[PDB]
Structure formats: structure tokens, C-alpha cells
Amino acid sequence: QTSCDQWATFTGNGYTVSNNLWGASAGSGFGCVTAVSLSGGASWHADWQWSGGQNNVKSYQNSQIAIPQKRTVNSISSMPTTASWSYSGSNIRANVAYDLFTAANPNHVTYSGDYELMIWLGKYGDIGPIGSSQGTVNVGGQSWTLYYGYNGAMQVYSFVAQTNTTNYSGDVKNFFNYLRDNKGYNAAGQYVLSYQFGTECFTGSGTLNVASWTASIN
């Protein structure tokens, strides 16, 4: 269904579609989300317009999966996902990104973590991820610009596609592994707290169509 309410949510079959206009107060405009299907994955689209607050995120419209039992990264065998999306509109300053928190305590709050992992399939405008570039890295047979920095106590690793990746098939475990193997990341001791995919919107007019998004933790 459709709603333009700041905190609108639609749930079903382990999947949840959320408007999540958490920063709306930082700007002027609106955000509407439509959950088209929640069967065999999530199918949804977000329509929005924002002005003002140039460098502040207005929303993170997204789809995510439930994680009833938290497990360590190393204990998980695979975190497969697929995303099929397109973006249209004008003056778009926004991304298309996976977001995941991990923490050493499985019972940690799920709205923050010790680490934040982001995978930016899309990047529109001059927006930039947290921290600074670490250079190019190969993950899952695709090249990414890896960023690292702190956002408070939390360390954020953002893998940014070098071209907008509108049809994606991947395994988030490959990203945790890269961090494990090259950046001293404690996959042994970190629990996956969240698993979300959406669009951080700053300013402009945009329509994100997510034809399909799937995700699981096995």
C-alpha cells in the first residue's frame, strides 16, 4: 500500500518496507513509499522531493528483513541478496545503499552498533559517504571504492560502486570477509543486527523503483 507518513511501514513474510523519513525536519518537501509486493522478496518504490539542509539526510526509505536470532558474521555461511532498481527525477542528491549494523553484544540496540557496513549500489550527486577513501577493492567480482571513518564511537565501512549498479546479485558475507581479511575486523565476534536496503535522500526530486529486492541470512 501507499503512505506519505513520516514513519509508515508495511510488513509481511519477514520483509518490511519503511518510509523512514527520519530527517524530514531538516528540510522541506515530502516522501511517499509504495509497497507493491512483499511476496518472495520486496517490491516497492519511493517518491520524494526535498529542499534545504544541503548536507543532511532527510530520509532512508528502505526494505529490510527480520532477524529473529542474531548470529556472528563468521557463523553465517551466506548473506545472499539481489536488487533490481532504477532511479528517475531531477537534481538528485541521494544514494542507493545496503545498510547493516554489527556489534559484539547480540543484544545490542539495533539502531546503532560497533560497526556499520554500507554497500552503495547507487550514488547521485555530490554526496559522500562517511570518512575518507581507502582506495579501490575487488569484492564479489566487482570493483568498489572503500571508505572508512568514524561516526561517533561507531566505525563505518562503505563500499561504493564505481558505476550505478541497477541489477545486482551479491553476498554481503564477501564484504564482511574483506574486512575480516584485510582490516582486522572481528568477524568472529561481531553479530549482524540489521539488513536493510534503500535510498538516503538529501535534496532534489526523485523516484526510486525497486522492482525486486531479496535478502537472507543462512
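All residue numbers refer to positions in the sequence shown, first residue = 1.
Colleague: Tell me which stretch, 157 to 165 or 50 to 58, has the higher mean Cα B-factor listed in the entry.
Modeller: Stretch with the greater average CA B-factor: 50 to 58.
Colleague: Averaging the C-alpha B factors as listed in the entry, name the stretch that ends up higher: 188 to 196 or 66 to 74.
Modeller: Higher of the two, by average CA B-factor, is 66 to 74.
Colleague: Compare the CA B factors listed in the entry for 209, 13, 19, 203 and report the winner.
Modeller: Max CA B-factor in the entry, restricted to 209, 13, 19, 203: 13.
Colleague: Between 145, 102, 132, 91, where does the Cα B-factor run highest in the record?
Modeller: Comparing C-alpha B-factors across 145, 102, 132, 91, the maximum falls on 132.
Colleague: Ranking every modelled residue in this chain by its Cα temperature factor as given in the entry, which third contains residue 175?
Modeller: Bottom third by C-alpha B-factor.
Colleague: Would you check the entry's CA temperature factor for residue 216 and let me know if it's in the chain's lowest, middle or highest third?
Modeller: Its C-alpha B-factor, which the entry lists for residue 216, ranks in the middle third among residues of this chain.
Colleague: If you rank the chain by CA B-factor, which third does residue 86 end up in: lowest, middle or highest?
Modeller: Middle third.
Colleague: Quick one: classify residue 127 as lowest, middle or highest third of the chain based on its Cα B-factor.
Modeller: Middle third of the chain for residue 127's C-alpha B-factor.
Colleague: Determine, from the deposited record, the chain-internal third of the Cα B-factor for residue 79: lowest, middle or highest.
Modeller: It falls in the middle third of the chain.
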